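All Cβ positions, even for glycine, are placed from backbone atoms using ideal geometry, and neighbour counts span all protein chains on display. Read-outs: derived from the displayed coordinates by stated rules, not from any lab.
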Amino acid sequence: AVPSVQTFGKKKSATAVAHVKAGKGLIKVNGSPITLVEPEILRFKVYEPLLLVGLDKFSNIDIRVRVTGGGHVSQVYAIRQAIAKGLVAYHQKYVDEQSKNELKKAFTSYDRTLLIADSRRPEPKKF
Amino acid sequence: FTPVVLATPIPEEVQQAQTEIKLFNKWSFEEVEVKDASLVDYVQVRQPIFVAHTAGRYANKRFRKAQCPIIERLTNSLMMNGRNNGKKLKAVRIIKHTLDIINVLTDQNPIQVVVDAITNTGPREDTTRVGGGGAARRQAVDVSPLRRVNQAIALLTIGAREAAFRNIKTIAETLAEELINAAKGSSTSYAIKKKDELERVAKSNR
Amino acid sequence: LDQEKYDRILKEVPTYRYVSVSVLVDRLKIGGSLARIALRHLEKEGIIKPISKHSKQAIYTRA
Amino acid sequence: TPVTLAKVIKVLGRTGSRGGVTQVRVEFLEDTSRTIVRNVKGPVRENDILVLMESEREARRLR
Amino acid sequence: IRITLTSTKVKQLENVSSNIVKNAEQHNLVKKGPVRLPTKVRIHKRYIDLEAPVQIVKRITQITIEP
Amino acid sequence: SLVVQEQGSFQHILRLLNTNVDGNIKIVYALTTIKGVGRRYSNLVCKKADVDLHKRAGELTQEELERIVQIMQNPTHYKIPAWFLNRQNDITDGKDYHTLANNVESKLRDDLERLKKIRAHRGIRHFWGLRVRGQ
Amino acid sequence: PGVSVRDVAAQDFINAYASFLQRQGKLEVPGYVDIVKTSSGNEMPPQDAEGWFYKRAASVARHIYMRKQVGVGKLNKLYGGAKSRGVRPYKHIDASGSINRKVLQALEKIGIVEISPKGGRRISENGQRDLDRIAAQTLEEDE
RNA sequence: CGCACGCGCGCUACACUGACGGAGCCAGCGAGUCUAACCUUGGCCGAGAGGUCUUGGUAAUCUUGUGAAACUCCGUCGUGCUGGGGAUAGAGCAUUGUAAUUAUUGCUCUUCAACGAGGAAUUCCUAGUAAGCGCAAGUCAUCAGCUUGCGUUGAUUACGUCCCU
């Protein structure tokens, strides 16, 4: 179980693909270091599954973040998706599946902003 | 916290919000306690989220919007005026940039004085506009208990943004007073001045 | 009138509940532009604890 | 006044001019021997919680 | 040197589209791989290079005279 | 910052350059309180004196201004800005008048004295704008 | 560790290396980028007016270590600002280019950034090896 | 298109979530010369404007990843018809148009106005709708303000009937 997959999410028209394979455990989210992440407060807008399942299960992944689009509230609210999408690089081909039940109970209705397409649709103004 | 040693630089404070549970950089949510009968149920932090913006179809059925989230009902004490929502996205900053002063005054976690503060403005009585036929009088009746709530919470929506709009001091830092002694009737303030006037306005001409 | 603020701060930071520029307005001397200047040299005394930094919103906390 | 909590186990719909007023039947919340019919304006349903002020006022007209 | 089609009109594609893949074998002038263009409103625009005599692609062209 | 007070020194309102260039506004915008001096005249002094807009300003010394008298006192050699001023290389005279409170309005309206004594636009109708619009 | 140039923040690279350029004194002071403002989307010229130019002319130390353009009519597109037009909303900014003969022709004075032929400015090994001396006068003092 | 009055339209300013000096640099409905003067990607010419001294293009390539905006972070100012506004207007600059007049909008800098969310009445609102913010276009020789869109980021309050109609 290792996906060699660009797990794809459209950002409402765009290419929000996350490059996914196995790794070493080395978090690279958009160049700047975790010591000096430019929002000090929205720093914690990156970690939902690293307060739920723990830092013990998935320390063997190489996070990549490459999306097209964003602002205040989608750049540093939804690179949070990356540790629900590039932390979980553990479910297709190579390295053992066994941890599967707890990623299909705590990731079923948790936050549909990450684990499925967020339903903030575009804006037709009701003709 | 049994550390896994990394070649990627992470400080001491980043991983603290997991096992040492404080869902801000330095603030918790551990003590949800309530004295009176009005505002118990809707501190909806049960999913392990830092911000918890659950905005789905919580507006179609007739019961489910009572269970609407605390950021999506109750922490709307920050956005009410529209020159700051109309250049909108500067509006994430108030409570976390302000609340360490309230975390000094008899608060280990900042909800501890606020145990007996939010709920104890429990609304019991409010008139309706009587038809009257001429004389627009008022009747001794009861609304649902969301008015002295909104005399203390919707007057914190204005009381954080729109009563700090055009204020002598700043927007978010006139909130060094807004939840210190908001428990019971002081009557000497911007929102507590009409607190007796739900139990006497429906009592004076009844 | 030279260092009356020096004694009525070191004996009154554990009397004033906060440290800000509105402490100085009780004597009715200055309200003006010598305030956002004074946020980066005040706490070399060492009694009140700083917390956060932002260039558009420089906020600290009373102690 | 006693905060006479009225559990809203049954409800009579949504009427009025604007569609806000409501008739409400209540068997009591704390004890289970008061049987009071009331009127409350606004959104209420079956099996909720409300407040009524006085002791055992079975008043049927509160619009 | 190139060819550029011009396209203003989704329902009459499969007469020459199969003459590019299932019946371009009948004159042994092979093609280079077509990139799937993002179809703007429709423009189906093909491009063929010519290193050939005067006959074959102009046989596809000058028999296609039904104006 | 510095917890040090002084002995009757600082004022709050000055009287400087024949009018009120005040002791609560700086060189720059109290020369805007009097009409005729803008921002970058004394903000190009910042690359030579380092005095910007960030203070309550009953603090100025009359010897720093003497290296600004090296920029002021003769209006013919002393770095007068040339894409900046109120009226500047004028039809009126031809020089770049970065003048003062007593010397702007006397050096402002020789375009309004002119054109319809000359039969066109501003020599009767602006005098009508003084025989009617002035009283 | 593998401490490198891209793994530092926004101006803990530019304005943190400018804590040591003030002890050297190296770059060019222009004449009349000063009386003009630096752009159309501006209200007030910069404060410090001595650092003031070090904060601008070393902004290409990491921006073009990474990518390949800062232009003159080309930096219009990257630098759209807040142009309150009164009747219209904010819009796009056209910038200055005269005494970038003393500003953007002061970028090659440090030897970090040279000028690219695609349009813009590019980096060499002189801006990747010597930055392991001069930007690792910050990067090897953050380690 | 000149102004005793009066209305509406949108856009603002009446402030410290404000904008400013720079780094963190994203979209698409994308659109660009034939029997030629278009889109524009090299430094600088230039206080500034772009000419396209050049180049790339019959086109998701060359503009283009429209390196878009509101914007996030080191420095700027604690309430002073105010570092709020450029309101009105002048002087030092263009791309043009056979000439900028009743200046056609692109360009550097001062003049800094009424107005303390403003009496009556209200405009649209539910799983993607308020709310800002851009992009480029018939407006373009001077831009979009109207507009049709797309894109960016996306709040209190809710399933109800006539009280208005």
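Observations, loosely collected:
- Test: residue in the range A:53-64 that is within 12 Å of RNA strand H (Cβ to nearest atom) and small (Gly, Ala, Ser): no
- Residue count for the range E:16-53, restricted to those that are of a type in the set (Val, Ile, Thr) and loosely packed, with under 12 Cβ neighbours inside 10 Å: 5
- Filter pass, G:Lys118 being among the basic types (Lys, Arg) and either more than 30 Å from F:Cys46 (Cβ to Cβ) or more than 17 Å from the chain's Cα centre (by Cα) (or both): yes
- Scanning the range G:118-128 for any residue that is within 14 Å of chain F (Cβ to nearest Cβ), more than 6 Å from RNA strand H (Cβ to nearest atom) and loosely packed, with under 15 Cβ neighbours inside 10 Å turns up nothing.
- Selected residue [in a loop (DSSP other than H, G, I, E, B) and closer than 26 Å to B:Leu23 by Cβ] from A:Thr68, A:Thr35: A:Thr35
- Selection status of B:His53, within 12 Å of chain A (Cβ to nearest Cβ) and in contact with a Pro (Cβ under 8 Å, 6 or more places away or on another chain): yes
- Some residue of the range G:4-25 being over 27 Å from G:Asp132 (Cα atoms) and acidic (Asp, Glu): no
- From A:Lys24, A:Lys28, A:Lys45, A:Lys57, residue being more than 14 Å from chain G (Cβ to nearest Cβ) and under 27 Å from G:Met66 (Cβ atoms): A:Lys45
Each row is one residue, and each column tells you yes or no for (1) within 18 Å of B:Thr174 (Cβ to Cβ); (2) within 12 Å of RNA strand H (Cβ to nearest atom); (3) not charged (D, E, K, R).
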{"site": "C:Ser22", "(1), (2), (3)": "yes, yes, yes"}
{"site": "C:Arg27", "(1), (2), (3)": "no, no, no"}
{"site": "C:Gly31", "(1), (2), (3)": "yes, yes, yes"}
{"site": "C:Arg40", "(1), (2), (3)": "no, yes, no"}
{"site": "C:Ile48", "(1), (2), (3)": "no, no, yes"}
{"site": "C:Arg62", "(1), (2), (3)": "yes, no, no"}
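- Of the helices (runs of 4 or more DSSP H) that lie entirely inside the range F:1-103, those containing 3 or more residues that are within 14 Å of chain C (Cβ to nearest Cβ) and under 15 Å from the mean Cα position of the chain (by Cα) span F:27-33.
Matching residues to (1) part of a loop (DSSP other than H, G, I, E, B); (2) of a type in the set (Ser, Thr, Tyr); (3) under 17 Å from E:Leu5 (Cα atoms):
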position: E:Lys32; (1), (2), (3): yes, no, yes
position: E:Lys40; (1), (2), (3): yes, no, yes
position: E:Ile43; (1), (2), (3): yes, no, yes
position: E:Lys58; (1), (2), (3): no, no, yes
position: E:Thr61; (1), (2), (3): no, yes, yes
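- The one condition from (1) under 30 Å from A:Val37 (Cα atoms); (2) surrounded by 14 or more Cβ atoms within 10 Å (Cβ to Cβ); (3) more than 13 Å from every other protein chain (Cβ to nearest Cβ); (4) near RNA strand H (Cβ under 8 Å from one of its atoms) that G:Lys77 does not meet is (2).
- Within the range A:81-92, at least one residue is in a helix (DSSP H, G or I) and either over 26 Å from B:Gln15 (Cβ atoms) or within 16 Å of RNA strand H (Cβ to nearest atom) (or both).
- Note on the range A:57-107: residues that are among the aromatic types (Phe, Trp, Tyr), touching a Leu at 6+ places or on another chain (Cβ under 7 Å) and surrounded by fewer than 19 Cβ atoms within 10 Å (Cβ to Cβ) total 1.
- Pair list, Cβ < 8 Å and 6+ apart or interchain, from the range C:2-27 residues that are more than 25 Å from B:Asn103 (Cα to Cα) to residues that are among the β-branched types (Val, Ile, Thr) and outside any helix (DSSP H, G or I): C:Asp2/F:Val4; C:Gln3/F:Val3; C:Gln3/F:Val4; C:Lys5/F:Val3; C:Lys5/F:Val4; C:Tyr6/F:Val3; C:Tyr6/F:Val4
- Some residue of the range B:72-80 being assigned to a loop (DSSP other than H, G, I, E, B), over 25 Å from A:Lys57 (Cβ atoms), at the interface with another protein chain (Cβ under 8 Å from one of its Cβ atoms) and under 20 Å from the mean Cα position of the chain (by Cα): no
- Scan of the range A:1-21 for residues that are of a type in the set (A, V, I, L, M) and either within 8 Å of another protein chain (Cβ to nearest Cβ) or over 17 Å from A:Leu114 (Cβ atoms) (or both), ordered by number: A:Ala1, A:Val2
- Only one entry in B:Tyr42, B:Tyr58 is within 12 Å of RNA strand H (Cβ to nearest atom), within 16 Å of the chain's Cα centre (by Cα) and surrounded by fewer than 17 Cβ atoms within 10 Å (Cβ to Cβ), namely B:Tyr42.
- Residues that are surrounded by fewer than 16 Cβ atoms within 10 Å (Cβ to Cβ), within 14 Å of chain C (Cβ to nearest Cβ) and near RNA strand H (Cβ under 9 Å from one of its atoms) within the range B:164-194 comprise B:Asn167, B:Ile168, B:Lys169, B:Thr170, listed in sequence order.
- If the condition is being within 16 Å of RNA strand H (Cβ to nearest atom) and of a type in the set (A, V, I, L, M), then the range E:36-67 contributes E:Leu37, E:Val41, E:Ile43, E:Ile48, E:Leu50, E:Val57.
- Inter-residue pairs, beta-carbon under 9 Å, first more than 10 Å from chain F (Cβ to nearest Cβ) and in the range C:36-63, second away from RNA strand H (no atom under 14 Å from the Cβ) and small (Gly, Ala, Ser), 6+ apart: C:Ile47/C:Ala63; C:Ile48/C:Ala63; C:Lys49/C:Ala63
- Any hit, the range A:12-24, residues being loosely packed, with under 15 Cβ neighbours inside 10 Å, assigned to a loop (DSSP other than H, G, I, E, B) and away from RNA strand H (no atom under 14 Å from the Cβ): yes
- Of residues in the range C:1-31 being assigned to a loop (DSSP other than H, G, I, E, B) and at the interface with chain F (Cβ under 10 Å from one of its Cβ atoms), the one farthest from C:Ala58 (Cα to Cα): C:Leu1
- Of all residues in the range B:114-133 being surrounded by fewer than 17 Cβ atoms within 10 Å (Cβ to Cβ) and aliphatic (A, V, I, L, M), the one that is farthest from D:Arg61 (Cα to Cα): B:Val115
- Matching option when the condition is over 17 Å from B:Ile111 (Cα atoms), more than 10 Å from chain A (Cβ to nearest Cβ) and among the basic types (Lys, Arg), among B:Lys26, B:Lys87: B:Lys87
- Screening A:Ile27, A:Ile34, A:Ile63, A:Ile79 for residues that are touching a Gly at 6+ places or on another chain (Cβ under 6 Å) and within 30 Å of B:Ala91 (Cβ to Cβ) leaves exactly one candidate, A:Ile63.
- Residues satisfying the stated conditions in the range G:45-67, i.e. farther than 18 Å from G:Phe13 by Cβ and near RNA strand H (Cβ under 6 Å from one of its atoms): G:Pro46, G:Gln47
- Residue that is farthest from G:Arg122 (Cα to Cα), among those in the range G:13-36 that are within 8 Å of RNA strand H (Cβ to nearest atom) and facing another protein chain (nearest Cβ under 8 Å): G:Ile35
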